[PDB]
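Note sheet for the following structure.
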RNA sequence: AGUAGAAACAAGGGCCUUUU
């Protein structure tokens, strides 16, 4: 469909200032660019954007109360600097299914001191040598990776 | 926006006038088309001289003005004039511009983000290019060519359609707001429209060009041309670079475009169903029609109905002809007598009776036509032009290239004309058993002799001997044919002429509406037979791929998988409108009343009994999760519901839901038992069989208000109901009324209640109650 | 399409189509009514809907599709069984749960008129339902079930959309009860005429119609009239072998002089090297002017031949002056005004302002058209033809584009042959004349488009490239700009095609003239020029042109196409008969007769005969007129008769003398026609030594 | 330019479907048919443009 | 051949590649197995051999 | 003058209608 209509539909007369969750999976965004988002969304604490033909995350406005994000099934690559300035209080992130080649693209995520879990599956980075260990050494604050902590400790449900 | 307000102001100003008001008030909207002609009418005799003289000037073109200002296009770069403020007489909103101005824009000017959409707009020509690139040329040789003239197709095209089926498609992809009522071709071909719509959406484009290109993408260019060698569109599109009258550029082009495979598969299916219906004795007609409408097949990605493809193709075969006749499909004036092909050029006649004695004295009636008539005939790699006269083959000429084919064509022609003494006194070898009636169905002596020839070559030799033989006179040595099929001999057959060079196939752009009998023999406003079931191969076994024979008799599955499929079908049929159905309940979030449906109660016995509770738990869980929010996938509930009938329990779910026949389905991944795709969201594949889901509600995958149309219908107009758009149409309640605008200059009233019944059955059954 | 039945089959079931067809055949009405009836019938069907009664039996019973007598029989049977009153008229359907017939109606007009008429005709006897294609309903009782209505309206909407798309949504195909008689509104005047345009024996269209509708064939009277007409005619038949073709009688008088605007053989040119920077016509004309030769010229007041030499001399001086001023422009004086026909356009005189005294004052009779006068055979044409066959010391005279890449043998062969032919042809003399015409006409057209109402100065030039010697000496030969003379236009106000804009031609030569050939020119003795020194002449004349001749002369690169076609055809035919590459051999070996010398025939390979065909095409492009058109159109008969003679085919004709007359009628003062006619006579003569059907 | 891959098969970028081994069907013609029966191959439908 | 890893232009030069729908990957989750869908690629190549 | 043909042009309206 289109992120605009999807959003206007999810907003069943509700102001964009009292919601705590939003989902936009199985939609479309022209040029793989966000469309319809603003800083009006303040109380939002969760987001889900999956399989929407996205390619970059530059347009996303400033969201502080957000503490979980999902960007799987898209083809984003390179823009992880924007996440730090816009959402500094983020804890859970997911990127499985996107275009990720090296670690230099991941380095910015170190500044997300509030980060706990990260999900990278089906990406090229996973096909390297000493990838879990090197990542952990890069992002020490992190504890969970693709659902498994150091020593392969399966994470709980929630 | 402000533009809208400007349009309103312009409309007001224009209505202030009297003539404009009279014309915009009187008559309907169609008058626009007429008005489109009385304006901007001007032509030229020799645009060539005019063009040269015109371009010679220093500002020869016209162009928009505001587009130039917005494009910051100046009037010079390093001293070359680019345009000048002025007004053309016709447009009044355009300004004269230089040829140098175009160059300026391309080299340095207003850049755009992307333009690969072009490859889709002109897909046919990029396909031409690719097909060319995948060729392996070969040597060149010089020689004379036997180029026969004939009607063929030059444009390879998939899913060839009609014109009425296109004028609609050009709208639902580009102009949906201005769309008319949904036609059957749309409701049937949903995924196709969705595909064509996914590419030309949210793009900066000129739409008229796209529509024109789509017309070309769906038009097989039919031409009457000289041809040599094989006949395939992949070649005819570049025949100009393969050979002429004196030269040939050899090249292999066999493995491209995969066209004729579809046609041969179609003809095989037609033969199969024709034989099946022939197995009957009194209803083969209705049996065949049922087999038709109860069948579908895949083309590339999409699934199409057989009866729809049959009415689009032009394969003149004794199988396709019968089908197209049953469905009342008109067709050309082309005959068929066994494997050969025939076409009448001139003449007339009428049936007449005669008899022959099979063995000793056994009278058997055989018919034959009266006055002289010409015919063209075409067998494998062989052509002929002959004439019949009162049960005799008057003359014949041939231009083939093989002896065997020549002889077979000659024999089948002699038979078609009942020429010879055999039709006067049949041979001893034939008997009453070989006569006719395998199981009661008679056989005219014609096809009898046909199979008698196909049986042994010596029957053919004797038949040829039945034709007069004489000594090859001088000079005619070259234009003579022996018994072996030699271009010359010392003694040759009677009334025969040979030559090198095929015959030019005739042509006629005519159509006829024929019928057929209960014995599968078509007639054309006369006692002449154009097709039958004796002119096709006897039988053969084939394994058809990507086909759907959704009919009991035409099925090989057992009662178990068939029961599963029928349960799924029944469970889907509850996807209509009205309370007690799943859509209303979903809207009301009554995820519980679904567990108590009767259909799940009928499919429950098929569930594995030792783990039915655990599966039930999981199913109900998923349902609530999907229903409570609103983010559901209709293709998963229809799959998991049959398990929610029993009571939950405790246990380890290991990923798969088994039935009682060691066949499972998995919730989230497609398998042999239950498959589907986001591309074609209107189909469900169970055990290979396909199922058409109605379009009443649209979940996350479905697209653009083309998935609600089977839930709406027309009703008596009510001015009280509100008028809304095509997007808010989803927020109505099942059973409500609403006014709406359709296409152009038309408003109606709709109601969100469906009607699954059609007119076929109602017309067919009601007409059967009148012949009594 | 092609019939209303096929149309109805588009959105209807063929069963109801056949039903309505049989019905209209029963009533023998116009078959354009197949649609309405089928629609009604289909409605009845979808109205039954296979509904049932409390007793598990059918509720409704169709009566519309049945015959009329049978329908009435069933109607009475039901009125009796269920004890109902018989209706006066017939109905369409009957129900059992209520035991009262029902009638269905349909209309397009959004008004009650149809329902009012029906209700008046039937009052309230039975149930009547009339639907509208645009969603309306009128009845006399409770409404139908919800599924009949939602289903009936949808079908009607689809049908109405289809019809409106087919332009058949009108009273014609969808009439009411009354408007069922469509007919041409035959007025009064049209009938008065029709009864007046009738053949003689009849006097009213009715008699003619009755005679034609009942006309029967009587072959005997037809054959008798045929023979009679076949006897009073006496069509002559003439086998050519017995009645041979005489020679053609050319006219008599002076000789046909040069007509082409530019000189080809007698032309002298000054050459220089071309610089890519200076390439416009107005620049080169100055470059050649600086070196001093163009200015060294200084003719004298004594002409060898011609008229008005003073005007020509003054015009040449003004041309030199303008060139010196760097402005290719000329002023309007008496001389130019006389040479350019500036003011020699007739003056108009309305008749309203006319009187008899005015006429008698100055005779104003009807203009006596002075058609062209005859001429004789030109003896200078063969000289030009033989000169235009030899090289020109250079090549690249005619510009040509580049050759694209190649991937298969076919394109290789094509490129090879095209290169051979182009290299052979670009070296001749006719080629430089073609390039000269091309460029000069382009410049003149540009000027006429940009600077009308203004006398300009345009050169007569061309561009070429010196031939390529061996690698020895100076490699990479250079280019060259050549100048043959000067040209001048005069106010080409081409208001309309076919117009005329006078021009003037100043050309350079080193060969004295002939009175017969160079009749129109006005030559002057200019001086001397080098090579050693040689005298100099200045040929000068006047002529005109138009848009069409400009456009066509500029498009003078078709002769190449024609010649290539002929040659490639010959070569491919010779190569196919043997199934082998025979092209170079056919060009170097196959001999083509090209002329006579010393009473004997002459021959040269095709590779050298191409030039003859090329010159032929060029002349066809140059001297094209109505005369040459008619000639080349009427000569084909002679060639076909000749071919028939070659193959012993006993040709024949009806009146060859008339053909010869028609041919000789269009031979006037056009050298090409005369030359080709004399050559055709020589052809038939030389063939008479080997063929019949020709007299000497 | 860099030297490209040369071996016939793929080592690191490979992928494989799996199934249980039957000693009664331990042959290529049988293993392939069995793998095909479940219809996971028929689902492999490469698009036109590569 | 089958693959779940998009190619690179240099190493994969003799190979013609396509995209054939999707597939599934299976991995442990505590005491159970799960499946995570992924894309699927098809690697096409021609080559010769000998005895 | 000239063009070409079997009649038309040889400006017409009230100032307008330059690169192989």
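Residue numbers (PDB author numbering), protein chains in the order written: chain D, 1 to 158; chain W, 1 to 772; chain F, 2 to 532, 543 to 707; chain H, 255 to 304; chain L, 508 to 558. We put the CB at the ideal spot given by N, CA and C, even for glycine.
Under 7 Å between beta-carbons, which chain L residues line up against residue i? List them in chain order, please.
i	result
residue 122 of chain D	545
residue 289 of chain H	What residue 289 of chain H touches in chain L: nothing, since even the nearest Cβ is about 11 Å away.
For a quick check, are the C-beta atoms of residue i and residue j less than 9 Å apart?
i	j	result
residue 95 of chain W	residue 62 of chain W	yes
residue 480 of chain W	residue 467 of chain W	no
residue 510 of chain W	residue 751 of chain W	no
residue 179 of chain W	residue 742 of chain W	yes
residue 558 of chain F	residue 435 of chain F	no
residue 703 of chain W	residue 198 of chain W	yes
residue 297 of chain W	residue 260 of chain W	no
residue 13 of chain F	residue 40 of chain F	yes
Can you list the residues of chain D that residue i reaches, using a CB-CB cut of under 8 Å?
i	result
residue 635 of chain W	Going along chain D, no residue has its Cβ under 8 Å from residue 635 of chain W, so there is no contact; the nearest lies around 13 Å.
residue 537 of chain L	154
Given that residue i touches chain W, what residues does it touch there, using C-beta distances under 7 Å?
i	result
residue 550 of chain F	Going along chain W, no residue has its Cβ under 7 Å from residue 550 of chain F, so there is no contact; the nearest lies around 30 Å.
residue 23 of chain D	631
residue 292 of chain H	672
Hey, quick one: how far does the beta strand (DSSP E) through residue i stretch, first residue to last?
i	result
residue 492 of chain W	491-493
residue 534 of chain L	523-536
residue 269 of chain F	First-last for residue 269 of chain F: undefined, no H or E at that position.
The alpha helix (DSSP H) with residue i in it runs from where to where?
i	result
residue 436 of chain F	431-451
residue 359 of chain F	357-362
residue 682 of chain F	682-699
residue 252 of chain W	Taken as a continuous stretch (DSSP letters only), residue 252 of chain W belongs to no alpha helix (DSSP H), being part of the beta strand (DSSP E) at 247-252.
Could you check whether the Cβ of residue i sits closer than 9 Å to any Cβ belonging to chain D?
i	result
residue 518 of chain L	no
Please check if any C-beta of chain L sits within less than 9 Å of the C-beta of residue i.
i	result
residue 35 of chain D	no
residue 301 of chain H	yes
residue 298 of chain H	yes
residue 264 of chain H	yes
Report yes or no: is there a C-beta of chain H within less than 9 Å of the C-beta of residue i?
i	result
residue 521 of chain L	yes
residue 672 of chain W	yes
If the cut is a Cβ gap below 8 Å, which residues of chain L does residue i touch?
i	result
residue 669 of chain W	531, 542, 544
residue 74 of chain D	Those do not exist, as residue 74 of chain D stays about 13 Å from chain L at its closest Cβ, beyond 8 Å.
Counting only beta-carbon atoms, is residue i nearer than 9 Å to chain W?
i	result
residue 557 of chain L	no
Inset, instruction - Compile a chain-ordered list of the residues in the stretch 644-656 of chain W whose CB is closer than 9 Å to at least one CB of chain L. - result: 652, 653, 654, 655
Legend entry - Members of the stretch 695-716 of chain W near chain D, C-beta cut-off 8 Å: 700, 701, 703, 704
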